Structure formats: C-alpha cells, structure tokens
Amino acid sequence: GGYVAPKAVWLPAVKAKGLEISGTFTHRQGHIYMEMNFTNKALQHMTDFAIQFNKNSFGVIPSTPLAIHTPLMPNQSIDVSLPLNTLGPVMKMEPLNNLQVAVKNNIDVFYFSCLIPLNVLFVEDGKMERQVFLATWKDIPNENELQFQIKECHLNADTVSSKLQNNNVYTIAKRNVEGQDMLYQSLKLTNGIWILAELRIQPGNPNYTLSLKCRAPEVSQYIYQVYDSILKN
C-alpha cells in the first residue's frame, strides 16, 4: 500500500454547529477514497448527511452517496469511507490540488477545503518502457524540466525504488555513474498526464536531486511534495 497521510481536522465542531470532520485520502487497489471521521459534538441528533465537491483540477467527485444511514447521536463518532473517482467536471484550481467541499446535515450546510495528495491519483499502469521513456523525455521541452531537493534523505536507491513502487512510481532504469545512483522513474496521473523523473543520489550529499519533466509542468511541484512525503514516511 502507498503513503496515507494521518487524518487532519477538516471541519472543527465549533465552526459547524457541532459537526467535526477529520479526514485523509487513500488509494486502495485502483480505488480512491476520502476517509473521514464525523463526530457529533452538538446536543441534537444529526441526520440527512450529504456531500459534494466544487469542480476541481483532476475532476474528483464522490462516486456514491455518503454512507451514513443512522442518526449520529450526540457524542458519537463514526468512520466513513467515501469512494471517489476522477470522472467529474474539471476546473483548474489554485493551488492545483485544492478541493472545496460542502457537507450538509439536518442542521445546516457547512464548507471547507482540503488538499489532495497527488499520489492517490497515481495510476497502476504508469510504468513506461525504457525506449518510450527516453523518447518522451527528449520530446518534452527542456524548459519543462524542474529540479527539486529531497532534503535529508539516507535511503538506498533500492529502498527508494521499493517505496516509490508502492505508490505507483516505477523505476525504469538505474545508472551507476561514479558512485552516484541515477534512478529514472515514471508515473501517470488519473488524467493521463505522464511525469518522468530523474533522482540523483550522491555519496556524502544528504540531499537528493529530483528532476521532473512533464508536458504540464505546473503539476511538478505537487509530485515533488508527495514524493518527499513518501520518502520521509
């Protein structure tokens, strides 16, 4: 299984007439979930739960109604797994991975936003053939290449590769070049956009250089972020 961030408070009870939501996102065998905990810190029973998202960069929507079937009584706390997909309307948000959410119950409708970690959008079929990798890297404009630093990393190339693989980031080739390990990696988003990467591991340097090439370079910063998280967790 890939990296899953710990649940964070998305909607505090005091801003939502007692409704408290905490959440995170996961990806389970090709399926994306918004995993939440709803707690009723009010003095009335809560019913009639419903959820919707604003249009967003990767076209993320719930794929079913929110599965809360019984009144959530005062002091009660339930875990809710909401399946998502990427078939919904697309509107480019800033930041690119922001998701606006509305949750309703019988008391009111409440709004909050949260940030989607892009690794849940990394698809299973994201392993480029070596031949295709080289050709695609070359095809993408050199100006699209962006460099980032994975600070303070001490994992071996092998471990880097295995962890990334667990998050559908595939190592296509490894080059040993005078002690340095150069890992060439591919991944593919739910929207079809490929991201190619060169990770440079040097002896004595506690920082790895991650070089990313993408036809949509605005995405790169976000791949870096979760790449960093996967290596640090």
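Residue positions are given as counts along the sequence shown, with the first one as 1.
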Q: Output the stretch having the higher mean C-alpha B factor in the entry; the candidates are 49-57 and 28-36.
A: 28-36
Q: Taking the mean of the C-alpha B-factors per stretch from the entry, tell me the winner out of 205-213 and 218-226.
A: 205-213
Q: Could you say which of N97, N105, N119, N75 has its CA atom at the highest B factor, as listed in the PDB entry?
A: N75
Q) Highest Cα B-factor in the deposition, which of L189, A67, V169, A197? A) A67
Q. Which third, lowest, middle or highest, does the CA B-factor of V14 fall in along this chain?
A. highest
Q: Rank-wise, by C-alpha B-factor, drop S113 into the lowest, middle or highest third of its chain.
A: lowest
(Q) Split into thirds by Cα B-factor across the chain's modelled residues, where does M128 land: lowest, middle or highest? (A) highest
Q | Lowest, middle or highest third - CA B-factor, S63 | A | lowest
Q | Chain thirds of CA B-factor: placement of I140 | A | middle
